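Q: Structure below; questions to follow.
2 protein chains.
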Amino acid sequence: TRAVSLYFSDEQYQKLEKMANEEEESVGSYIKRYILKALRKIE
Amino acid sequence: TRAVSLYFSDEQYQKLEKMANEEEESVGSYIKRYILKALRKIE
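Taken in order, these protein sequences are the chains called A and B. Be aware that the first sequence starts at 31, since it is given in full-length UniProt numbering, and climbs by one per residue. Be aware that the second sequence starts at 31, since it is given in full-length UniProt numbering, and climbs by one per residue.
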């Protein structure tokens, strides 16, 4: 497996949590999902 | 600080590394920057 370690703050994490609560809580997976959703436009 | 460590794979990493080489190598920071760019206009 590959290893993606980041360093957010409260605003960034809670804005991710606001989307994750619509998914019924998932924040760590939501962070990955959003990158993977962007990757479909990047390549 | 709000640490976030996640479980990616080679393609998903290398697509972000290929973008980071445009910035002249910033892999790990480019990831967060893309999410922070998207957070300005999620909707």
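Ideal placement from N, C-alpha and C gives every residue a C-beta, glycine not left out.
Give the residues from the region 33-66 of chain B that approach chain A closer than 8 Å (Cβ to any Cβ), ordered along the chain.
A: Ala33, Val34, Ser35, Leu36, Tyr37, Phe38, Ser39, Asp40, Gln42, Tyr43, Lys45, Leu46, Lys48, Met49, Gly58, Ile61, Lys62, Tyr64, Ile65 and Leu66
Q: What is the rounded straight-line gap between the Cα of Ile72 (chain B) and the Cα of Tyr64 (chain B)?
A: Within the second sequence, the letter at position 42 stands for residue 72 (chain B). Within the second sequence, the letter at position 34 stands for residue 64 (chain B). When rounded, the distance between both Cα atoms is 12 Å.
Q: In the structure shown, what three-state DSSP assignment does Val57 (chain B) receive?
A: Position 27 of the second sequence holds residue 57 (chain B). It is coil, neither helix nor strand.
Q: Judging by CA-CA distance, which residue of A:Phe38, A:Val34 and A:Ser59 is the nearest neighbour of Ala33 (chain B)?
A: Looking up residue 33 (chain B) in the second sequence gives position 3. Looking at the Cα atoms, A:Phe38 is the closest of the given residues.
Q: By the 10 Å Cβ neighbour count, where 16 or more other Cβ atoms means buried, how is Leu66 (chain B) classified, buried or exposed?
A: Residue 66 (chain B) sits at position 36 when you count from the first residue of the second sequence. So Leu66 (chain B) ends up on the exposed side.
Q: In the DSSP assignment, what residue or residues form a beta bridge with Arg32 (chain B)?
A: Within the second sequence, numbered from 1, the residue matching residue 32 (chain B) stands at position 2. Per DSSP, A:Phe38.
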